[PDB]
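Take a look at this one chain, the form deposited in one PDB entry, written out in structure tokens.
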């Protein structure tokens, strides 16, 4: 008997994994997986094997994997809306469960997220009184923090539930959070860019991305497709990246999923992180201001470098080859907006940047990352408010970090609390 329920699947999954991790540790907990050096400690744990994070694994040369599923693999394996791009819903299922969902599973996440999407009065209020000079990443983060009012986990905790059932409330809270997110994000959008307009209602018959673009105001059918891809690809990028790591660190203290997501957004908003999204367009926007020669384009790049600034959208702490996310993006444009002048510029830069970056001899990875390509795509569709882009990143990212947050609590991961040292102390060591 019975129809679909992610929670039921998970309940089945948890105890097996549980057991599986126990014996492994029983046999290998003492095994040395690495060493730490002085440079690593000074260098942002660069290279340091530090976390267990299950939803995705990033390969230095190959790029991100979802099970072991590459982007291209997802591209073909996940269910599409009807109609060529994978549903972030399916991705989510994939992340949570390790398995490739059926259309019928997928339809359920949609329905579920459609059902959950409700904004509370205090929140709408705050969003409506916000200043327009308040950054949208700021706006997003305060709204989600403020949503914690609603936390099913924070309530359950207050009540004194047994630690074993943590995962259960975390899941409810994750699903509600995912559900609401597009409402919060579109509300911000509308407030700032479409004053006097309203987000409208969620149509339980749409996929989450389509509901999103509707609330955002986009009618173009290809844009919905872009949105579907975008939100899928930005999903997750293993645990060591600032955003995901932040959620993980904050969640380990047993701060509810709302608060953990919010902190994460605070990290996504740094220029070295998600904000690169935005920094790229603005850099391209300056660029054009000041159809150019490769040589001038080169002068332009040197000038940033000499200025002690970074070239946005190039480089990676872990990747060492061109991001497949980038490649993915490029292939979308090559299909859909191959003559876009902005597209063309971005293509052009790919020819130049890495080279200039090799010339300088400082970046360990001279290739482009996801951020280098994402704005170009949005602009083309009419979404030209660049200070907004990172919100979109913010929304996708929820899918991965929340998916993981649930396993962490499920596996009983403890407080993230490493040891620090001072220079004096280290020097003496």
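Throughout, rigid core stands for the largest set of C-alpha atoms superposing within 1.5 Å between the two forms. Numbering follows the first chain given and starts at 1.
The entry shows a gap from residue 290 to residue 291, with 1 to 3 unmodelled residues of the deposited sequence in between.
Where residue 196 is followed by residue 197 in the displayed chain, the model omits none of the deposited residues that would sit between the two. Per-stretch averaging of Cα B factors for 1 to 9 and 419 to 427 places 1 to 9 on top. For the two regions 14 to 22 and 402 to 410, the entry's Cα B-factors average higher over 14 to 22.
Among 313, 103, 160, 217, the highest C-alpha B-factor recorded in the PDB entry belongs to 103. When the C-alpha B factors of 264, 328, 201, 345 are read from the deposited coordinates, the top value falls at 201. The PDB entry assigns residue 93 a C-alpha temperature factor belonging to the lowest third of its chain's modelled residues. Residue 354 sits in the highest third of its chain by CA B factor, as recorded in the PDB entry. In this PDB entry, residue 320 carries a Cα temperature factor that places it within the highest third of its chain's modelled residues. Compared with the other modelled residues of the chain, the Cα B-factor recorded for residue 333 ranks in the highest third. Compared with the other modelled residues of the chain, the Cα B-factor recorded for residue 394 ranks in the middle third.
As for the form deposited in another entry, it is not shown, yet the points below apply to it.
Superposing the rigid core between this form and the one not shown leaves a single residue from 204, 125, 149, 348 with a C-alpha shift of at least 2 Å: 348. Once both forms are fitted on their core, a CA shift of 2 Å or more is seen for residue 313 between this form and the one not shown. After superposition on the rigid core, the Cα atom of residue 112 is displaced by less than 2 Å between this form and the one not shown. When the rigid core is held fixed, the Cα atom of residue 323 travels 2 angstroms or more between this form and the one not shown.
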